[PDB]
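Listed here are the chains, written in short residue letters.
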2 protein chains.
Amino acid sequence: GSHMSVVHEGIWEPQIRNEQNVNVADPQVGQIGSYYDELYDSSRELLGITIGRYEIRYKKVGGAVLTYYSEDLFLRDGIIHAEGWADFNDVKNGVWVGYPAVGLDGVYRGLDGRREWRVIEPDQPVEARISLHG
Amino acid sequence: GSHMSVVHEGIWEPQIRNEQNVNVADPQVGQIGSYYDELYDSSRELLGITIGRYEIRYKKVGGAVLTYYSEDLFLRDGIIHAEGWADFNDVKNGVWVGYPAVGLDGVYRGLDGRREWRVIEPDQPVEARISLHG
């Protein structure tokens, strides 16, 4: 019946600044990073920016490295807060990761959903998608 | 191939103490509650306790009332931290809700998964399930 949504797909997301003490090969609990990325829509026009951080939080018996991300996305059409869990192994292996997102402003107000991304190439821009629903 | 899991299903979860300023009929953003529940396994033997809180955080255009829960479960076989989102409408309507959980101690250490529950009857014990995986 009734559906309201805002979807941005085929995002090209270059990293403008990032600092971290995360051992990429062998991450240790308590290591962190902070980042400032631009986002470009599928037409490589500017969509906005994200500012965020992440922390290696725990390891599972099966080897997953559970990492907690928190960020704010300031886009042409509104503002989104996104935070949650990713397996750092999925990150490194170019698997799609992501976590819940809530609209704060503009078209996203009263919506929520997910902020997702994947590595294509180490130290190359990431692919991202944003999908929020009423 | 390889699977490690701890599952407790058919939990009977009576409320021992709870205080709140949540308007159940018409919840307002910023209202909270805190609770202390016992859990009994499907044999109505004691499994342990949970101590937690919840907060009405935001409303969606479609009418969902997004509520943030945080708790700690102290069980016979270990300790679990669980927190995340539920639609307060799903809660009131006896729909299954729940959110991520991580093992801190005993059999749950190095596992994660979900803590879930549903209302059977207002002011009657809830049904719960716990499912963590390696």
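- The deposited coordinates derive from X-ray crystallography, with the record listing a resolution of 2.0000 Å.

- You'll find chain A entered in the PDB entry as AOC_like domain-containing protein, with Frankia sp. Cc1.17 given as the organism.
- Per the PDB header, the entry is named "Crystal Structure of AbnU: An exo-specific intermolecular Diels-Alderase".

### Examining the packing of aromatic side chains
- Scanning the entire structure with this criterion turns up 14 aromatic pairs over all chains.
- Aromatic pair A:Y68 and A:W85: ring centres 4.8 Å apart, planes at 80 degrees, arrangement edge-to-face. On the criterion of sequence distance, the pair formed by A:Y68 in strand β5 (residues 65–75) and A:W85 in strand β6 (residues 78–87) is long-range, its members being 17 residues apart.
- One aromatic cluster in this structure is built from A:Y35, A:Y54, A:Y69, A:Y99 and A:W117.
- Seen from the ring of B:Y40, B:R44 lies directly overhead, with NZ or CZ sitting 4.7 Å from the centre.
- The ring of B:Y68 carries B:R57 above its face, with NZ or CZ at 5.7 Å from the centroid.

### Side note on the relation of the copies chain B and chain A
- Mapping chain B onto chain A calls for a screw motion: a turn of 180 degrees about the axis and a shift of 0.0 Å along it, with 0.0 Å RMSD after fitting. The transformation relating the two chain copies, once decomposed into turn and shift, fits a two-fold axis. Minimal C-alpha separation from the rotation axis in chain B is found for B:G84, amounting to 4.8 Å.
- Looking at the interface residues of chain B, 100% of them are also at the interface in chain A, so both copies use one shared face.

### Topic: the interface of chain B and chain A
- With 14 residues of chain B in contact, the opposing surface of chain A contributes 14 residues.
- Surface buried jointly by chain B and chain A totals about 1,100 Å² across both partners, of which 57% is contributed by carbon and sulfur atoms.
- If you look at where chain B meets chain A, you find two salt bridges.
- Of the charged contacts, one joins A:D112 and B:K60 as a salt bridge, the two residues approaching to 2.8 Å between their closest N and O atoms.
- The interface formed by chain B and chain A contains 10 residue pairs in polar contact.
- Class assignment for the residues of the side of chain B that touches chain A results in six nonpolar, four polar and four charged.

Rules used throughout
- Residues numbered from 1 in each chain as written, not as in the entry; some residues may be left out.
- Chains lettered and ligands numbered in written order.
- Heavy atoms only, no water.
- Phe/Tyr/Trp six-rings, centres within 6.5 Å; stacked < 30°, edge-to-face > 60°.
- Helix = DSSP H or I, 4+ residues; strand = E, 2+ residues; numbered from the N terminus.
- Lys NZ or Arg CZ within 6 Å of the ring centre and 35° of its normal.
- Least-squares fit on C-alpha atoms.
- Contact = heavy atoms within 4.5 Å.
- Buried area = accessible area lost by both parts, 1.4 Å probe.
- Salt bridge = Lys/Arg side-chain N within 4 Å of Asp/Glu carboxyl O.
- Polar contact = N/O pair within 3.5 Å; in protein donor to acceptor, adjacent residues only side chain to side chain.
- Nonpolar A, V, L, I, M, F, W, Y, C, P; charged D, E, K, R; others polar.

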